[PDB]
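J.: fold the following for me, if possible:
(chains A, B, C, D and E, ligands or ions: 2)
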Amino acid sequence: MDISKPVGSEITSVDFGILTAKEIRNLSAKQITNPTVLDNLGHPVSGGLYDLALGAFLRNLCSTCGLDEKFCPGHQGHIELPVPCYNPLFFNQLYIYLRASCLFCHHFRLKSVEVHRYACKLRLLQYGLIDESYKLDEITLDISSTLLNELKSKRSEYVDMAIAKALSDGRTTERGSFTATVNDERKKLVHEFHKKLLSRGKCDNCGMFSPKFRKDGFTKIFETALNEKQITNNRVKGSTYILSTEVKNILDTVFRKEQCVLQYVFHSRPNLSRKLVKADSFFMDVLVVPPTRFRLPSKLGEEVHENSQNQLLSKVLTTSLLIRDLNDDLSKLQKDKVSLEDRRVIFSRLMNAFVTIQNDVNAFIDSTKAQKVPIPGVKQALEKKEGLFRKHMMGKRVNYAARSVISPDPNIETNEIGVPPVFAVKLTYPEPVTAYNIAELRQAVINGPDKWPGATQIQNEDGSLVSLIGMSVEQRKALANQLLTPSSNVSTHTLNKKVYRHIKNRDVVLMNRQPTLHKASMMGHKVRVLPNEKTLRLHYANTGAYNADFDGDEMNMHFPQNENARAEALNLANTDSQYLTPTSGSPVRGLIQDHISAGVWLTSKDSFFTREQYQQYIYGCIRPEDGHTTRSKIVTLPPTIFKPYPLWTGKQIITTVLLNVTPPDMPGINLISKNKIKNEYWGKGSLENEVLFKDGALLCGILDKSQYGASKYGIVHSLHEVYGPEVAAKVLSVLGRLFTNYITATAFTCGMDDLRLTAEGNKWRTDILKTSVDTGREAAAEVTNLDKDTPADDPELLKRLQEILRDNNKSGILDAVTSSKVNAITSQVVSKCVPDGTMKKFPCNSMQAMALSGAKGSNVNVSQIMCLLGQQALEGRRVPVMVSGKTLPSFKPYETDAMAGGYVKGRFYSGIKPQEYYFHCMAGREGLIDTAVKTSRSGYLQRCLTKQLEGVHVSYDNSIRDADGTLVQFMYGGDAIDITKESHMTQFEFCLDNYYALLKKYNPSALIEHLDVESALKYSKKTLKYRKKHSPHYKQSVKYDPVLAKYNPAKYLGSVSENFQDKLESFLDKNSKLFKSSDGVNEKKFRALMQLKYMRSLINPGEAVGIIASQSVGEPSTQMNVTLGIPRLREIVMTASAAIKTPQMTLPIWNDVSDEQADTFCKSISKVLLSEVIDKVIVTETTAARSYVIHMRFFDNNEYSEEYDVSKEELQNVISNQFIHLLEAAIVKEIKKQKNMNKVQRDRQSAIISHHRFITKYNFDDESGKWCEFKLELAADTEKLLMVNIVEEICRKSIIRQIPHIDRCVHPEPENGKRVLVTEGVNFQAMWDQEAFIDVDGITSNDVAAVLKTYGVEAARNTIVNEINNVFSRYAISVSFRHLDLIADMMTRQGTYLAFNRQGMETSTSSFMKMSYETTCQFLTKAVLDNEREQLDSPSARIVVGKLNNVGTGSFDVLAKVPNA
Amino acid sequence: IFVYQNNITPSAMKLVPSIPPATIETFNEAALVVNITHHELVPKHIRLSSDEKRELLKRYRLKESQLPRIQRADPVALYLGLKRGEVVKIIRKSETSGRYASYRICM
Amino acid sequence: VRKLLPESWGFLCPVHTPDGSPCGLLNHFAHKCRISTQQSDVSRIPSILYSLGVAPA
Amino acid sequence: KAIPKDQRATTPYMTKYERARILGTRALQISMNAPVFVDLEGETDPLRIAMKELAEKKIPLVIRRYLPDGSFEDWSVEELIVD
RNA sequence: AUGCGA
Ligand SMILES: [Zn+2]
Ligand SMILES: [Zn+2]
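T.: Numbers count the residues shown, from 1 in each chain, chains lettered A, B, ... in the order given. Ligands and ions are numbered 1, 2, ... in the order given. Below is the structure in question.
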């Protein structure tokens, strides 16, 4: 790029469409006929693949333009294919149309009038008149030609009327109508159309029997024979191989006779070009020749290998020449040669040659369509991971970029980057020279490329470049006096020379660290060249936004070359604009490790400083010469202690820095925060957790991660809120210097003394650890369910424990219970020891300090060093056990010791026994596995929906529209609030303690002249009236929309969410007594301030909220009874699967519903399988029929009556009706595989024999139900079956009670809400009958599809937002509801559950966005077949064409006002 | 409104569209057992007039096909009787804004 | 497959394992582990087993 | 497409993105010898110059706010509340 | 493509 070379012919859209052989021949620079590639062992063969007409080569000029290899753009040749062949990309299409035709008439086998009806629907759908397209079906009246013509007349009349109306109404235009829904209705229509087209298994217009068409797969079609009934039926109505040529000759005529419908069938929009639809589009009569420029050989270091295109194309030319040789045989034979069957072999040449050439064209297109590492064709070249689109279009290498290992440095600003002088001398900006920069650039040139702010090159306005790489100080001196020369050519008089100056201390640079996981990981930093560096230098405050660490991390440094990219990298992407994440709005940028412990130490009431020390620390952290102040002098406080000696506190130092960094025109920040250090640690009466800031003065407490690093209201967050990001950044740099210097004066250390306990602490630790010896077996006998103190060597205990070992679930219970108990021993140990039993406490103990302040470490780590490691776990449970029953060789089988399960009593300070080192090694490895796999499950989660929402942005009307224009939400989260603003928007009391400061920021008198302060406030009064009048959800007085619906919230102060308005008023009422303690502020001036804060906190027009959403759901999902975590998020977002893995339906139970009634209902709904009641099945097979006496010995009548609430009569009905019928059917299926006794009981047995062909006897325990015996007799011819196995299978397939789709209803403990029952299945219709126990209005479910089918689109939407909210809530992640709510609205944009994969992408309107995700060639094919036009709205698509992205700064245009006189 | 007891035959379903003189709506007597508009997750759906629709389409300068969609066989569309083209205003309570007004076009 | 099993005690090292894709795939033998490189005396073992009470197959 | 001046309905405030583009394009103009309408006051960075020009609203640029319909609103710098 | 650094 050069700003000196504008263009004004930008591409506005991209049309797709098939070529034509006449077009190729006319444009073609040459016909290539010679399969030769090179000649004279070293020359480009004439009229071959390397003819100079195809571009420049080997110093041979392009024979078509005469341009060198460095100048010729190249020109495309063409091949005259012998035959016609088949276009692979449309082979699936043309095959369908072959199957759709009639071979005796050459019409479509669908009724002609029905076809015309289809043309009508597709015409109305070019203009997108959907309502009229469906209204067409109603036009209705042996069918006369006058009547079928009357249907064509009436339908054409409806098209003409609906069009005339829509063009009159401007509801469409001559250019068509195109939207996501129109595209979807078209794909649906064309699909049903293709189904009707395929449905006719004989023609209709002509009644003829077309042959069945078969295909080889990619090179041959055959024409099946017909039946003499159908052939003679054709006469009364009076497999074969075919060439591509015959298909072409048929399809030309068929495609011409059906042109009238196909005109709209082959266009999704009006074919303004009146283009005939020709069959020659699916076949290749000719083949092009790419430019030689793109056919250069593969030279790898030294080896020169021919290009694979040359190879496949040469194979087409050779095979084609062989077929040309057969045509030589036609010139050869075909005089007559009446009986020379000699051509029977040449006929093998025709079939083999023809299929061969066709296959070879396929192979050149797609390797997977030919017949060991076959050179790739263009289909392989474009797709998969690469997809030329993905590896060189959606992402590229870039110039003016460097990569280097990052090194820390606290002395630079928190917004700067230390550039090593290798980069400072090797990175340039193209600076146009003016009258104002002539001095600086003349000096930079004088320095030359081999200095500091010199300059490597000079680009004239004439376009030529002059490199300074090797010019002498004399020559550069000479050029310095020519940087300002006059004009010379009217062609160049408007330009000025350019100087490629080295990167310097006034340029902004875009730093990126791989993880890109979020936009906050790639910020703009102000360049600071550091001498004698070799590594990119970065401030610590940024490392929690990049997730970077000096361990060896490498960073990419991008240097933008344009004032637009400079201004954006200094104003939009800059670090200060990234102090909060959009995920949650918690600060991601704060001090770290040592700075935290230094702040904890400096801010202790115990830290005093002499005037000398105090002032030294102050100038150490504040340089007025560096612009570090708003005073241009220094100011200081009175000492804390006037007495014996003048003494300042550390809190007085924080007061001095805050007093010196804030603007003198503003009162000091007032904040009540808290620490991460309980007051108890500073003494029995000390009070040090309340952080108190009064008018800029820290009056109580210390500071830690919670304060200036926690990014949660703490001090730094409060300064960010009150004075803005520039002040908060200044505060961060000042703190970083203050704490680094104080760590120079006093330092910080940690050692073995910081790790020891007392003799007392070891006494308690060992004494508590003596109690786990009972715990191990005590839990083993609890899970085993055996009496207390049961001997550790009881044989029954060992057998029961082997039963447990062989069962994975029982073993899970044993692990979980032993775990809970030994974890209770851990909790005891730590709670006893730790803070009380350490050999040195608090401050005196750095190890405790780092965890408790949260500089580094946790109380878990501190307890792992000082107390015990505790229970190791794997995949959620205790140590694996060998099949011998041993968890380690040294452990006897089934050892009930806690340690043998993996409980490590040893600690890092005194070591771990080797048996324990093998378990901590187990947990540590499986940790490294989880750590190494989580990143592969989060990339696809990011990209899969990042592709979709990238088009999704804020319209200028505050509505969320996609880059298409399709509206997604009418407001962002329904409030239009920016997450990066909201954090204090609901912290009224804080704003009040800082009222005058915020009044000084958002002073309204400047703005009260540009907007309205009443209209919205008045609507707020009437609506607040109606809202207090209706303060039941769906029998309220709907009449007043919210104020956000009726007035642009950015224009009439007061248009605010009713939730925020309500909270604000409720605050003003609940603090009227605080409003009776103020100097004089009032709820009308304060309420006015909070409304103005709300207007000034709104999301900007053009915000990239789609991408921000996608990153705010992806990025935090890397830290990650029902499916949880990434598989659950994939199950929703990625697949929108209508088959959840664990579908559940929650049932609220009425307040009146007893717990016992609830357990009865839980039994009453759960399914009961017949297997579940069977105790024993005895089959006595006797075989002179084959006798099977099947004896089912059940449980006791009361046993199954108390587990499943079923009777013996229900067992009678199920056995006598279901079980037997299914088993008897299974026995018949097995044959196919082969090839007392009372009168009422006697009548039952005889009747069941009468219902079932195989059964003979039936004896039932009518006295309880304990068994069901029936005799089955089969003929010898029955051979052999495994009757026991058949019975088992039918047992698990017979149900006493099943509600369709519902498995089990469980009674979980109520928590944080109404009593409910959670079912493991989803069936709303069935719970509708249970209304007398379940408030149906309060049923909820995890199954999105089932909700959509039953409760509709809004219920599925709310279910999505709830389910995702639950997934993140499980990991205690904060995620703004605005993100999830946007994502849900995007998944429901069509009224359904439209997942984010390729299937859902199909319905989007941007064809390039489809191309650039997956199945690139499939989306390409569907696009070309549509004759689609790209309106170039997709950001990806727009990137493909090198166009200013439409998001953000490209959401609008800039023009200039110029004087006319 | 035609409430069948178990089923209506597809031949009668060809009668359902057969009198452009008056819409015919078929309803399952088992599916009427509960008013889905009773449910806690289903916000208030309000049918918009032809003039309130024309006004909405004017304030936002957009086509009908560019609004968010509601399916013609959506249960709630079947409750309100939404014809094709009909816009419904959905007043939903949001976890952050309180009352929030959204819209959907029935297509 | 990557799960560290207790069978490996004394044979594969519980800590000599790479970090990344190979984790759990690239084990390391213990410093005291040996590999048989021959086979021996299988011919005399039947005689002693038969003497010890093994019934001939 | 012309939204009448009497009818402009958009945010009276300059978005951060609007401010960014204005300052970048105008700075680039000053760096290509667009006539500076304010005292250079010593400065050599064209971007800081464009920032000064914004501070005095002397910038002669107009923002064309697009609406997804295609209608747009021509707004002067001299009216859009800079911050 | 293998191993590997972050
Ligand atoms: Zn050329
Ligand atoms: Zn026909």
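J.: give the contact list for the residue nearest to the spatial centre of chain C.
T.: If you average the C-alpha coordinates of chain C and look for the closest C-alpha using CA atoms, centre = their mean, you land on residue C:11, 6.9 Å from that point. Residue C:11 is in contact with C:29, C:30, C:33, counting by CB atoms under 8 Å, 6 or more residues apart in numbering or on different chains. In this view, the C-beta of every residue, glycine as well, is placed from N, C-alpha and C.
J.: next one: it from residue C:5, what distance?
T.: In this structure, residue C:11 lies at 10 Å from residue C:5, with CB to CB, to the nearest Å as the measure.
J.: residue of chain D nearest ligand 2, please.
T.: residue D:70 (47.5 Å; CB to the ion).
J.: now that residue. Nearest residue, chain neighbours left out?
T.: residue D:1 (5.6 Å; CB to CB, 6 or more residues apart in numbering or on different chains).
J.: how many other residues sit next to the one you found?
T.: Using other CB atoms under 10 Å in any protein chain shown, residue D:1 has 8 other residues around it.
J.: and it, how far from ligand 1?
T.: 42 Å (CB to the ion, to the nearest Å).
J.: verify the stated contact: that residue with residue D:72.
T.: Yes. Under the criterion of CB atoms under 8 Å, residue D:1 lies in contact with residue D:72, with a separation of 6.3 Å.
J.: who's in contact with the residue in chain C that chain D sits nearest to?
T.: Proximity of chain C to chain D (CB to the nearest CB) peaks at residue C:20, 41.2 Å away. Residue C:20 sits next to residue A:932 when contact means CB under 8 Å, 6+ apart.
J.: for it, grab phi and psi.
T.: Phi and psi for residue C:20, reported as degrees, to the nearest 10, are phi 140, psi -160.
J.: go on, residue A:260?
T.: With angles defined as degrees, to the nearest 10, residue A:260 sits at phi -60, psi -40.
J.: tally of neighbours for it?
T.: Each residue near residue A:260 was counted by other CB under 10 Å, and the total is 12.
J.: how about it, nearest residue that isn't a chain neighbour?
T.: With CB to CB, 6+ apart as the criterion, residue A:260 has its nearest non-adjacent residue at 6.4 Å, and that residue is residue A:119.
J.: let me know the helix or strand that that neighbour is in.
T.: Taking DSSP states H and E as the definition, residue A:119 sits inside helix A:112-126.
J.: can you name the residue of chain D nearest ligand 1?
T.: The shortest separation between chain D and ligand 1 is 34.8 Å, found at residue D:32 (distances taken as CB to the ion).
J.: got it, and chain C?
T.: Proximity to ligand 1, evaluated over chain C using CB to the ion, is greatest for residue C:21 at 48.2 Å.
J.: also the stretch 601-750 of chain A?
T.: Among residues of the stretch 601-750 of chain A, the one nearest ligand 1 by CB to the ion turns out to be residue A:725. It sits 54.9 Å away.
J.: what's the closest non-adjacent residue to that residue?
T.: Taking CB to CB, 6+ apart as the measure, residue A:725 lies nearest to residue A:576, with 4.0 Å between them; neighbours along the chain are not counted.
J.: how close does the most centrally placed residue in chain B get to residue A:997?
T.: Against the mean C-alpha coordinate of chain B, by CA atoms, centre = their mean, the closest residue is residue B:77 at 2.2 Å. Residue B:77 sits 53 Å away from residue A:997, going by CB to CB.
J.: likewise for residue A:342?
T.: Using CB to CB, one obtains 104 Å as the distance from residue A:342 to residue A:997.
J.: what about these two, which has more around it?
T.: For the pair residue A:342 and residue A:997, the greater number of neighbours falls to residue A:997 (21 against 11), based on other CB under 10 Å.
J.: my guess is the more buried one meets residue A:719, correct?
T.: No. Counting by CB under 8 Å, residue A:719 is not a contact partner of residue A:997; they are 10.5 Å apart.
J.: the residue nearest to residue A:725: how many residues sit nearby?
T.: With neighbours defined by other CB under 10 Å, the count for residue A:576 comes to 21.
J.: do the same with residue A:1001
T.: By the other CB under 10 Å criterion, the neighbourhood of residue A:1001 contains 16 residues.
J.: for it, what are its contacts?
T.: Residues in contact with residue A:1001, defined by CB under 8 Å, 6+ apart, are A:722, A:723, A:724.
J.: filter these down to the buried ones, ChimeraX style.
T.: Buried members of the contacts of residue A:1001, identified by 16 or more other CB atoms under 10 Å in any protein chain shown, are gathered into one ChimeraX selection as follows:
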select /A:722,723
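J.: for the contacts of residue A:1001, give me TSV that also has distance to ligand 2.
T.: Below are the contacts of residue A:1001 laid out as TSV (distance: CB to the ion, whole Å):
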residue	distance to ligand 2
A:722	82
A:723	82
A:724	77
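J.: now, among the contacts of residue A:1001, which is nearest to residue A:139?
T.: The shortest separation between residue A:139 and any of the contacts of residue A:1001 is 66.0 Å, and it belongs to residue A:724 (by CB to CB).
J.: does any part of the host helix or strand of residue A:246 sit near ligand 2?
T.: Secondary structure assigned from DSSP H and E places residue A:246 in helix A:244-257. No. Legend: contact between helix A:244-257 and ligand 2 by CB under 5 Å from the ion is lacking; minimum distance shown is 9.7 Å.
J.: what residues does that helix touch?
T.: Contacting residues not belonging to helix A:244-257 are listed as A:83-86, A:94, A:97-98, A:101, A:103, A:106-108, A:221, A:262, A:276-280, A:282-283, A:354, A:358 [CB under 8 Å, 6+ apart].
J.: which of these fall in strands?
T.: The members of those that map onto strands under DSSP state E are residue A:221.
J.: for stretch A:1366-1383, buried residues please.
T.: Residues A:1367, A:1368, A:1375, A:1376, A:1377, A:1378, A:1379, A:1380, A:1381, A:1382, A:1383 are the ones in stretch A:1366-1383 that count as buried (16+ other CB under 10 Å).
J.: after the helix or strand harbouring residue A:924 comes which helix or strand?
T.: Under the assignment given by DSSP H and E, the secondary-structure element containing residue A:924 is helix A:914-933. Reading on from helix A:914-933 to the C-terminus, the next helix or strand found by DSSP H and E is helix A:936-949.
J.: and the helix or strand that comes right after that next one, how far out from the chain middle?
T.: Stepping forward along the backbone from helix A:936-949, the first helix or strand reached (DSSP H and E) is strand A:952-954. Average the C-alpha atoms of strand A:952-954, do the same for its chain, and the two points are 17 Å apart (CA atoms, centre = their mean, to the nearest Å).
J.: ranges for the helices of chain B?
T.: B:10-15, B:50-59, B:75-80 (DSSP state H).
J.: mind checking which of these is nearest chain A?
T.: Taking CB to the nearest CB as the criterion, helix B:75-80 is the member of the helices of chain B that comes nearest to chain A, at 4.1 Å.
J.: how about that closest one as CSV, C-alpha atoms only?
T.: Extracted in CSV, the C-alpha atoms of helix B:75-80 (Å, rounded to 0.1, in the frame of the first residue of the first chain):
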residue,chain,number,x,y,z
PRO,B,75,-47.6,-23.7,19.3
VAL,B,76,-47.9,-20.0,20.3
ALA,B,77,-48.6,-19.0,16.7
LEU,B,78,-51.3,-21.7,16.8
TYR,B,79,-52.7,-20.2,20.0
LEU,B,80,-52.9,-16.6,18.8
